[PDB]
Structures are given as C-alpha cells and as structure tokens.
Amino acid sequence: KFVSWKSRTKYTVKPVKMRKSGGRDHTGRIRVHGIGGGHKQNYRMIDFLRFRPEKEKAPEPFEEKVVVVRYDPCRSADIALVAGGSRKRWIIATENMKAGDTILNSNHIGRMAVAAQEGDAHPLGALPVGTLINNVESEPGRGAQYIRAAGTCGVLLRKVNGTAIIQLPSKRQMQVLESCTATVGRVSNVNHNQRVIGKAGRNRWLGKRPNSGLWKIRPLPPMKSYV
Amino acid sequence: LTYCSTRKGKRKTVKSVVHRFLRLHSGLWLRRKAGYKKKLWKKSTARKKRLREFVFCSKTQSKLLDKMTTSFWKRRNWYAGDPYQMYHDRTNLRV
Amino acid sequence: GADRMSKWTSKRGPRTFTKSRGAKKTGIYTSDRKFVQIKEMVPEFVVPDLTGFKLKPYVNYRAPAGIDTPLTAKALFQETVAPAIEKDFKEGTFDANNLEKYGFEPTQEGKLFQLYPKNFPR
Amino acid sequence: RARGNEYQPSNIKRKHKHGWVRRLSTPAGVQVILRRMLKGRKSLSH
RNA sequence: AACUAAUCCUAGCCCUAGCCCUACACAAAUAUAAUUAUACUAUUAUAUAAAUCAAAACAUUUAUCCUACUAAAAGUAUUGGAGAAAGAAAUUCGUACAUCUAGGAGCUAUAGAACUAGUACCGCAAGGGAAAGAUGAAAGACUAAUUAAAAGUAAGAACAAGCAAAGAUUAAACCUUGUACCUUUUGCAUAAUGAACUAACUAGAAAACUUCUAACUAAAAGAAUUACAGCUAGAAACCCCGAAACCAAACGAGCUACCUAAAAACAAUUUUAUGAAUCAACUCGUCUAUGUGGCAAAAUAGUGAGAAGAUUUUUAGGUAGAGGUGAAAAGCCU
RNA sequence: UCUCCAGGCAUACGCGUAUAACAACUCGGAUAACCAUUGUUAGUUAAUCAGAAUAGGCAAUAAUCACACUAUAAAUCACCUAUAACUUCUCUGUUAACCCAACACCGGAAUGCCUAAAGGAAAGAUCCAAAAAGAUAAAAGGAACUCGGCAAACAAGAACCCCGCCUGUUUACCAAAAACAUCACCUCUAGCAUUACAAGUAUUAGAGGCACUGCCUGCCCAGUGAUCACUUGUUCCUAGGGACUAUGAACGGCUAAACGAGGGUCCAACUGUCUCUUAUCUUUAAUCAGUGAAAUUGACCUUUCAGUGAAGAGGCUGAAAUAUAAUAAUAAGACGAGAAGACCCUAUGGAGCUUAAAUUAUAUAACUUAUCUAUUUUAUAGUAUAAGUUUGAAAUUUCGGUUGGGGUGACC
Ligand SMILES: [Mg+2]
Ligand SMILES: [Mg+2]
Ligand SMILES: [Mg+2]
Ligand SMILES: [Mg+2]
Ligand SMILES: [Mg+2]
Ligand SMILES: [Mg+2]
Ligand SMILES: [Mg+2]
Ligand SMILES: [Mg+2]
Ligand SMILES: [Mg+2]
Ligand SMILES: [Mg+2]
Ligand SMILES: [Mg+2]
Ligand SMILES: [Mg+2]
Ligand SMILES: [Mg+2]
Ligand SMILES: [Mg+2]
Ligand SMILES: [Mg+2]
Ligand SMILES: [Mg+2]
Ligand SMILES: [Mg+2]
Ligand SMILES: [Mg+2]
Ligand SMILES: [Mg+2]
Ligand SMILES: [Mg+2]
Ligand SMILES: [Mg+2]
Ligand SMILES: [Mg+2]
Ligand SMILES: [Mg+2]
Ligand SMILES: [Mg+2]
Ligand SMILES: [Mg+2]
Ligand SMILES: [Mg+2]
Ligand SMILES: [Mg+2]
Ligand SMILES: [Mg+2]
Ligand SMILES: [Mg+2]
Ligand SMILES: [Mg+2]
Ligand SMILES: [Mg+2]
Ligand SMILES: [Mg+2]
Ligand SMILES: [Mg+2]
Ligand SMILES: [Mg+2]
Ligand SMILES: [Mg+2]
Ligand SMILES: [Mg+2]
Ligand SMILES: [Mg+2]
Ligand SMILES: [Mg+2]
Ligand SMILES: [Mg+2]
Ligand SMILES: [Mg+2]
Ligand SMILES: [Mg+2]
Ligand SMILES: [Mg+2]
Ligand SMILES: [Mg+2]
Ligand SMILES: [Mg+2]
Ligand SMILES: [Mg+2]
Ligand SMILES: [Mg+2]
Ligand SMILES: [Mg+2]
Ligand SMILES: [Mg+2]
Ligand SMILES: [Mg+2]
Ligand SMILES: [Mg+2]
Ligand SMILES: [Mg+2]
C-alpha cells in the first residue's frame, strides 16, 4: 500500500509536499535504522543540469539572474532561485552568491583558459588547472551528482587530451571528459560543520531516532597452538 | 521384527540371520566362529583350527533364530549333491 | 464483541458509512454537491377511471369457477394468428416474408415496451 | 494496569480486517471462506 | 403416610450392499465496509510436503501417510548406518448375485453423528463448540400414571467411653475385643500419595513355536503348501489416561512496540526566553497502608514525578512468528 | 418540604431498543419498594445539523491578534485558457439511564462549553463488645522507636559522601535504577541516482563505540659524517657485483558546576515512632429482616498425661478425666488449607543462547573450467546454465560414566 511521493513528472518551483518513510520500504519493514518523525518539510525541485538551454532556444552560453538565496530543509547547502528568459528554476548556491547577481552558463569549450568567476558553469575543458569546482557530473549531460553538499569544493588536478582528473572532497581522484560541466567555487554554508546540535531533542527535530541500547582473524593451523 | 507387515500382513524374516546361520532340518543351526578371519598372524595354530570349524547353536539361540526366520527357511530342500545331505536328520537320539 | 449475525444497515457504523434501504434513485448528484431530480426517473402511477365499473373486490359464492387452463403460446397463436393465415392460405395471398402483416415483430428494438429484455416494470 | 479491555470497537477496522472483501482478496482468505461454508457456519465473515 | 428425585421409547444414527452424475429448485438484492438499481478503480493456485516418530541416542535410513486388479509365486529375489527395517516381478488363478433398492448374534438419549445445531455460547480472527425430549384412542376427555426404591433431607437434635463395629446380653448405649481403605515404599504403617457422597460411563488386542480336541493318513489340504507320521481344521495371546516439545498451513498490530498520513490539547504565575522554574488540567507510577476469590485476573486511599515538549492524546493505515518491533528490560506482538 | 454531596450538558466513536406507556410479578436487579425484568402497544420527522463534465497553462515570499519584530526545526483547491452542459430535493443518520472491562464492576474512555441555573444521596432496622481498618485530640518527654525517622508531625529547613553530565527511557502485572538513550568526541564502511538510504552526494550517508571540557603522560617515525657523503635496509645477478630507498599510538587524573521520587550520612525542627498508652467519631462487628458464595471434606461417637515410634499420637500401651447441646472470642495442634515457590538428583526428556562441537551450507561474495555470445590472430572480454574452489547468512544434531559442595586432577 506504500506509494512513493516522488510522483511529480513536471519541473516546477512550487514546493512539493514530502511524505516521510521512517526507514521502511514499500514492503513495510524497517530497512534503515534511526529515521523517524522530525519536522514536516517541503521539497523544492532542484535543477542540477546548470547548462540547460531554455525551450525553443539555441545551445549557446546564456545568463541568469539570481532572485533570492533561500534556506533548504532538504539539504545542508542553501538554494538560490535564478531567473533568465522566461524561466525560473532552483539551483545550488555557491559560497558568495547574493540576490541580484548574474551568473553565466556556457557551452563553449575555451581553447584558452577562461577567467573563473564563482557561480558560473563552464565545461571542465574551459577551466584552468587548480580551480575549485563543485556540482560535477560524471558523464556529459548526466547532471551534477558530486560535490553538491555544503562547503565542499573539488580541485581540478590535471587535463590531458579530452579527459580531466577531479579530486573529490574525500581526496579520491576521479576522471571525466572535459566536456563535462562544473560550477566554479565551493558550495554555500561553508560553516555547516561548525554547528552544535546541543540537545538530544534537536536531533529528533531532524528526523533522527536514537540508537539501539544493545551493546575475527582465524589463526591458521600452525599458529593455532601459539594463539 | 515385523509380526504383521503392512502389505501382506505376515511375519518378516530378519535377513541378517539368513546371512550368517544355516538351519538343518532336524532343528539345529550352524554358524562360524567370530574372529576366524581376524589377526591370524598372532593366533596360535590350535586357536586357528578351533576358529575354522563350523559349530552348532544352543537351545535358546536356536529358539531365537527360529523366531527371527519364517517357515520357508525351515522346509526340506532336496538339492542334488548336497554336502549336508546326511546332517538334516538325527540318528539314535534318545531323549 | 461485535454482532456478526445482525444485518449491516446505515443505522450502524460511523456517520461516513451510508447505504440505501432499497429505494430506487430518482435523480443524479451533480458536481458542486447538488441533487438534480429527473422527472422521467420518478415513477408515474397510471390510474384508470373507475366510474361505471361493475367489478368489485369479491365475487358471489354462487359464481362457478372455471376449469383451470393456463394460457400457452399455442392457445394464444390459434386465437389471434391462425384465422388470418388460414384465410390467406385459402385465398393464396400468403408468403414467409410478410409474417409481420399478421402481427410478428422481427425485433424488439424501437419498441417502447420490449418483451425481451423487459424494459418496463409490472 | 488492568487488562481485559483489549477490544476497542471500530466498525471501519472490523470490516477492513475481517470483512467479505478482505477475505476474498487472497486465495488463503478464500479458502477460509470455503472451510466455513463446508462446516455450515451461518456467518462466513464479519 | 414425602420432598428432592426415579422409571420410559423413538427422534435419529452406524456399517455394508446396490447405484455415477446430470437438482442447477419465484421476484428482487449481493464481490461496494457482500447481499447498496448504472460508469470512478481492473482481474490470476503451487516449484520437491515437512516434522513428529522408529532405530531404545542421532546424523544415511523409518511400512501406511505418498492408491492402480484379487489369490499364489513370497515375506522369496533383491534393497538397507547389510542395523532398525524395506521388498518386487516373471508367471499362474479369477464370468460375481447380475434383478428387481437389500441386509444386521449394529446403537437406543452420558449410547449412536458434534447435532433438537455447526445453533446458543466462547474467541479480534482463523477457530472451538454444548445441553436437552417422554399422558391417552381421544385434552373438542382440566396433563397420565408408576416407584420400602440413589446420594441429600424431613418425619424424629443430643445424653460419660473413644476407626464406631464385633462377641454378646433380659436390655439401644455401659462390659470385653479391636492402630480406616487403596497405592507404594525392604515383606514395615503413627509413613507419603489418592478418595465429600450418589448414579452412569471408564483400561489386555494379534497365532511363529508349543498344548488340547477331531478328519484323513505315507500322505494331508476345495490349485500354488508341508511331509523320513505327517498334514488339515477347531480351541487357546500380548491394557488405559498424562508432558514439555517438533513440523506444515492458516489467523492475528481495535492490546502493546515502532513507524506513516490527517488532526487535537496545554490555565495561572515567574524567567538569563527555554528538552528553564512554580503548579493545575493532563500523562506517569516513587513510597506507605488497605485489598489479597478484591471494586479490580494489578485496584483503592494518601503521598509523590513530568507538566511548550525526546510532551501528551485522537482517527485511519503499515510491519507477522525461520518473523516483526525494541532510547536491550532478551521487553513487547489481544 | 427539609438535610447534605459536587462533573454536568452536548458531540464523536461505540452500542442496537436497554427508549416511552400499559399489563404482569414466573426469570433478571446480588434485598424490598419500584422497575433496568416478562408480555403487548407505541417511537427517532431536516435543502440549513450529519453522511453520500473534460483537456490544457501555472506558482520563490509560513504561523504566532501579523504590525514592529526576531527566529529555526523552515511550516496548506485557487487563478487563467478553451470545450460541454443551460434549472434541482430524492436517499441515509437522529430513541435511551447506552460503550470496553464475564456483572447495574471504587477501573479504562476523545473533543466543545460551562462549575452549579445542571446532576445527585454516604445511613434496610437496631446495638455501642473484642480484634481489625480510618479520622481527630495528647499531661511530662521528644527518635529513648526501628534493620532504617517507616508512618505520622503545630515540621516540610541546612549540609556532605558514592553513582550517573543534564531533561528523557525501561522489566503492562514484585526491580524506575548506578542500566538504556543523550549532546560532544572517536573508529570503521561507501565516489553513487528513479520504491528504503534519497528525489540525498564525503561539511553526505550507514555501522558501532564512548560523558563532555580543559590538563598530563608519549608508542613513534633508518643511522654516521651533515640540500649533502658512507654504513644499513630491500631486491636481484653471481662474497663479489648491479638495482632501489626519498606532530602523535596507548593512556590516565579531573570541567565542577548544575540536576536526581537514585544509594548512604549528619544537624535543626517536628512529632503517639517510642517511654506508655488513652479518649471520641466512622467503618466493621454483634442482634433483627431479605438475599446468599469460596477454598475445603476417607469415615468420625473428633479428650489430658507418661510411654512407644521415623525429632513425630485425639485414635496404639499404661494411668487419668468425663451429663448433653448452642452463642461470642483466642490461634498451641490437626507436618492445618490454597500458588506455575525454594533446594538437590534422575531421564541415552526438552528448549534458548554461545562458539574454537560434528555434519552440511546454488544466503551472499569471489574465482577456475566448460556452455553461449560477440569480436578478435589466436587472444580478449562478457554469461538465463552445469561442474569445481574459496569464503560462511544460516540449518541440523549432541552434551558417556566414576568422582560430600566445588575446583581440580584423575580414573573406565
Ligand atoms: Mg550502547
Ligand atoms: Mg479478554
Ligand atoms: Mg486505541
Ligand atoms: Mg530414535
Ligand atoms: Mg535426548
Ligand atoms: Mg530428540
Ligand atoms: Mg532426521
Ligand atoms: Mg448425543
Ligand atoms: Mg454430544
Ligand atoms: Mg433415601
Ligand atoms: Mg464404648
Ligand atoms: Mg513428597
Ligand atoms: Mg494501531
Ligand atoms: Mg501554559
Ligand atoms: Mg521543564
Ligand atoms: Mg514538579
Ligand atoms: Mg523538577
Ligand atoms: Mg519506546
Ligand atoms: Mg541487559
Ligand atoms: Mg539479563
Ligand atoms: Mg406498573
Ligand atoms: Mg431477587
Ligand atoms: Mg425505563
Ligand atoms: Mg420492558
Ligand atoms: Mg437525543
Ligand atoms: Mg473483570
Ligand atoms: Mg440539582
Ligand atoms: Mg449502617
Ligand atoms: Mg494529630
Ligand atoms: Mg504528647
Ligand atoms: Mg536508636
Ligand atoms: Mg532499641
Ligand atoms: Mg515518612
Ligand atoms: Mg540520569
Ligand atoms: Mg529524570
Ligand atoms: Mg512504564
Ligand atoms: Mg514491573
Ligand atoms: Mg524515579
Ligand atoms: Mg515499581
Ligand atoms: Mg550506561
Ligand atoms: Mg532518581
Ligand atoms: Mg534532633
Ligand atoms: Mg439475615
Ligand atoms: Mg456428640
Ligand atoms: Mg465426645
Ligand atoms: Mg504422648
Ligand atoms: Mg487412647
Ligand atoms: Mg467458636
Ligand atoms: Mg491452631
Ligand atoms: Mg500443609
Ligand atoms: Mg540409561
């Protein structure tokens, strides 16, 4: 009888009502522990393909205007409503975004290095080595999946041929095609890790239930005696 | 053992008896000596001779073997050239 | 602790539970939560004029009851259809195609009162 | 606390948990009905 | 000189025989929270049975369960921790009572079906599941009688002294003699179990060998078997109630545990403005007394803890036993 | 009419005629009266209370008197474009002293309004015993009580040790705690999307441990000559010859406070806890009237002393005592009556748990060879399956015997 709430097909900026799980599945059994209750939250559909040219428009660099930088219940980072043409869409906001700012979204792969302005989306080929990036996408056109948490920045270590090495926030090095799109700068809420929950009740507000109260090398035969 | 079998409603023979003992028609049972094929290298010659012999069974043992076999094994068999032909009968037995 | 043997009716259960007592619907509930009664859906009693009618509820005990002969298809056919066909056969003006002339109905569709499936109540 | 009052009547729960439509929804439930029909029960379900 | 009671005979049932069936018996209503006259929202059994149990344990294995003509071959060949046990076939025999709807060294109200009924009642559900009736030809003859008759009482309390009686006696009691029953314990009861009393019900069952009684007899037996007096037939035999468990399939989250959705409640007083303070409603249950077949299968009366929060509470939904849930008490899941 | 008591009226859920009148007086109410019982007849009235056309486009801006403000946990069809239709009231709920608790149960039971204008009766009659329960009062004393100031008090103040950071949570029905959780801190696992984690992405998520705070200790990280030379180290080629090096583990003592129906202790006050008990009132008791259970029970015409005997005798031996029956009290005995109590031993009886027990183990996870595909000049890759190998999620079964209580050694 469990139907997922993720049943909306059309992108909108209207907040969407979310149903909580509690850690259960469609079967109805707990699959993950520590999830329950919390404050009621609304989902704001984020757009992780920064370079999405508007409908009935050419695939060339375009600009968008930042309406407001909001607080997101569903994320550690903060989101920004950005407007361009006749379209509004939520996006992830970088460290220094402000209302009224203008951000570029470019398809052009610069033969030479492109000056890096935080918040603008360029193909990794355009960027020069060493520039901090966020909201990287593993495959061209896939959509951002990495470095989209609060304060996380990835360095662009190297570019050779049509491939670049991206150092993920965990220091795990990844490689992608330079056609892949990344957003310059680190993600907002750079001080998210400095927060102090302070009391147990605050965690219960965040939908986190308390942990359970419950409290292996095998020697080889030569070593079994000497264990 | 089985006194009344499910399919035929009869007594059943214990085949382990049929595989170790010979019944003479007079009522006697024959057997071998336990261990007659075991560790012969450390047995005395007289001991080995005693082991090789065929030996009779007691009245109680004979009574038990009679219970554990059916009447088919107690019948007269007229085998041509039988080597036990003479031992199916008792002679000069007063008792 | 519930009663399993008594009938399930609208008096029982919560307010949300409702069901009919067997009355035929006389209208439709449209959108906006409005009942719209349909005049055609409301049964109309066809009552005859009883002035000058000689039949009363009971009969004389001296009135002879007749021999019981339930009506059959053959009995109806002989009384109504047989004389016409017999007369036409003697004149020779009879054919299979024109059975409708004598009262046959090829189909019940288009009739206000259909014999099968019946489309009128008693 | 005092026990014995575990029945907290609710007609919606009763018909949904033990009703005709509930019993016919699964083959195991249909077999429940068949058993009660063979015994001759006056009440096949709630 | 009689109350409570007792007596009763047929309602039906049991097992066979025979036989395929074709019954599918107004209108209307019902798969929706069944029995609600019409659209919303699609509709669909299961992969091999397991275990208990036997093997005096248990681990391969364990007849029927899990069916393919009777009798014989035969408990033979074969199979088997070659143990417990299991166990053919080839091949012989068989026209089965025939006809029509019959039969009982079967039961007779604690029996025979659970049945007067799958009802009443019990359970949320799956499911479990009773008890009983009695006149005569006529009741359009006032409902029949019959029986020192069970225990229990009454008619009619008792009268130094004793397992309650026995020997007696003119005499009921006095005198004399006398350590209840069953079961066990060592053959011992002042032991220890079991019994308020009445009525009904309530527990030894099989034929291998042996014995007895007969038929015929080097043969016996109504086919298949035994036989160096045997063979054939008869008669003669081996209890009852009781676990914790184990497995399969259903039923359960109206209680409780946790969760999802939609809702609700929180006065007054202070405060650095809050999982702060005081203290109601409300929630909980510290300590004591009462209660201990209670008002209650966990309460009452006081006294206490929290009381804007990790609070409490309502409605509907969800997770199911090889499982679920658990701020882990191995706690909770009627 | 009087005396006194202080949760009432509605709705929801549930219940199903218990509603009302009459007639009955069998059954039901634990007794009467009267009916909540039996029979018959009646009843609850709604367009407002309550229940029960289609296709497109589209949304940044809480609530709290919403203004000022502050905040964080981030918080509810409409409107528009077209299409279609172009006058309607039927159906259902409505009674009650009621539901879940086997009961006319001192229990459980949501919301709105109100706190007496609504709703009710603690005493069937009598008596004033013991014991038992509850309330009040106390001369002098004031913890001398007791395991303990338990309980009570004209008191309800102060302080310190141990434990846990704190508010929370837990063994429904014997444990509320020092246990569990908890912020904080630490360890381990994971680089990724269309059903949980999550419409999330290393400042994230999951698994688990652990008080934090500040303060200490310091496993450790080749040597020797100094970014530098040789000896080492590790590999090879043969003892020679090359090749190559390139803060912090483990821990502790305590922020040090605050808080606690936690466990100990002390002082003050207070007292019937006590020296040492008493009086009064109520409940119960007892007599009268009505109704009427339970465990229990071999039979009893049911004595004392000494002996006997299993620590043991109303019943046996020997002495003794002895008109018969009730009513009210006591609890020495009847190994007094009831419980799923306690302790030990047994069974080739169970079950839960743990492993390093034996047997298995297409749960996963790897691999190898086939098979099947593609490619490939034999190589690669893969893989609806089969056979192996490695892991083990699980499954099944077992707990020999002699050994005061064990430990141990032993023994058969
Ligand atoms: Mg823990
Ligand atoms: Mg119950
Ligand atoms: Mg409830
Ligand atoms: Mg066994
Ligand atoms: Mg055993
Ligand atoms: Mg066993
Ligand atoms: Mg087995
Ligand atoms: Mg009967
Ligand atoms: Mg019966
Ligand atoms: Mg009598
Ligand atoms: Mg006497
Ligand atoms: Mg005993
Ligand atoms: Mg629930
Ligand atoms: Mg308040
Ligand atoms: Mg507080
Ligand atoms: Mg308080
Ligand atoms: Mg407090
Ligand atoms: Mg909990
Ligand atoms: Mg524990
Ligand atoms: Mg424990
Ligand atoms: Mg009256
Ligand atoms: Mg009465
Ligand atoms: Mg009344
Ligand atoms: Mg009445
Ligand atoms: Mg009313
Ligand atoms: Mg009760
Ligand atoms: Mg009043
Ligand atoms: Mg009184
Ligand atoms: Mg006082
Ligand atoms: Mg005083
Ligand atoms: Mg003292
Ligand atoms: Mg003292
Ligand atoms: Mg006290
Ligand atoms: Mg604590
Ligand atoms: Mg606390
Ligand atoms: Mg509790
Ligand atoms: Mg408890
Ligand atoms: Mg406490
Ligand atoms: Mg307690
Ligand atoms: Mg702890
Ligand atoms: Mg405490
Ligand atoms: Mg003092
Ligand atoms: Mg009386
Ligand atoms: Mg007497
Ligand atoms: Mg006497
Ligand atoms: Mg004595
Ligand atoms: Mg005596
Ligand atoms: Mg007395
Ligand atoms: Mg006594
Ligand atoms: Mg006793
Ligand atoms: Mg033994």
# chains A, B, ... in the order shown; residues from 1 in each chain; ligands from 1

$ residues_near_ligand --ligand "ligand 50" --cutoff "8 Å" --atoms "only C-alpha atoms (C1' of nucleotides) and all ligand atoms" --output "list in words"
residues 335, 336 and 337 of chain F

$ residues_near_ligand --ligand "ligand 46" --cutoff "9 Å" --atoms "only C-alpha atoms (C1' of nucleotides) and all ligand atoms" --output "PyMOL selection string"
chain F and resi 305-308+313

$ write_last_selection --atoms "C-alpha atoms (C1' of nucleotides)" --output "PDB file, in the first residue's frame"
ATOM      1  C1'   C F 305      -0.713 -37.041  80.946  1.00  0.00           C
ATOM      2  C1'   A F 306       3.544 -40.574  80.538  1.00  0.00           C
ATOM      3  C1'   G F 307       5.411 -44.479  77.366  1.00  0.00           C
ATOM      4  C1'   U F 308       6.219 -46.384  72.296  1.00  0.00           C
ATOM      5  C1'   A F 313      -0.108 -39.859  68.708  1.00  0.00           C
TER       6        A F 313
END

$ residues_around --residues "residue E:74" --least-positions-apart "2" --cutoff "12 Å" --atoms "only C-alpha atoms (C1' of nucleotides)" --output "ChimeraX atom specification"
/B:7-8,10-13,70-73 /E:72,76-77,87-89,224-225

$ atom_distance --atom1 "atom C1' of residue E:318" --atom2 "atom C1' of residue E:259"
7.6 Å

$ residues_near_ligand --ligand "ligand 9" --cutoff "8 Å" --atoms "only C-alpha atoms (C1' of nucleotides) and all ligand atoms" --output "list in words"
residues 114, 115 and 130 of chain E

$ residues_near_ligand --ligand "ligand 31" --cutoff "12 Å" --atoms "only C-alpha atoms (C1' of nucleotides) and all ligand atoms" --output "list in words"
residues 143, 144, 145, 146, 147, 148, 149, 273 and 274 of chain F

$ write_last_selection --atoms "C-alpha atoms (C1' of nucleotides)" --output "PDB file, in the first residue's frame"
ATOM      1  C1'   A F 143      13.720   9.174  67.926  1.00  0.00           C
ATOM      2  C1'   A F 144      14.951   6.767  74.064  1.00  0.00           C
ATOM      3  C1'   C F 145      11.293   3.624  68.396  1.00  0.00           C
ATOM      4  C1'   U F 146      13.041   0.702  64.386  1.00  0.00           C
ATOM      5  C1'   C F 147      17.050  -3.034  60.020  1.00  0.00           C
ATOM      6  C1'   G F 148      16.056   2.145  58.745  1.00  0.00           C
ATOM      7  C1'   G F 149      12.575   8.770  61.435  1.00  0.00           C
ATOM      8  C1'   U F 273       7.594   6.057  66.359  1.00  0.00           C
ATOM      9  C1'   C F 274       8.502   5.288  71.455  1.00  0.00           C
TER      10        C F 274
END

$ residues_around --residues "residue C:20" --least-positions-apart "4" --cutoff "7 Å" --atoms "only C-alpha atoms (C1' of nucleotides)" --output "JSON, numbers by chain"
{"E": [36], "F": [91, 92]}

$ residues_near_ligand --ligand "ligand 40" --cutoff "12 Å" --atoms "only C-alpha atoms (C1' of nucleotides) and all ligand atoms" --output "MDAnalysis selection string"
(chainID A and resid 213:215) or (chainID E and resid 327:328) or (chainID F and resid 163:164 169 177:182 210:211)
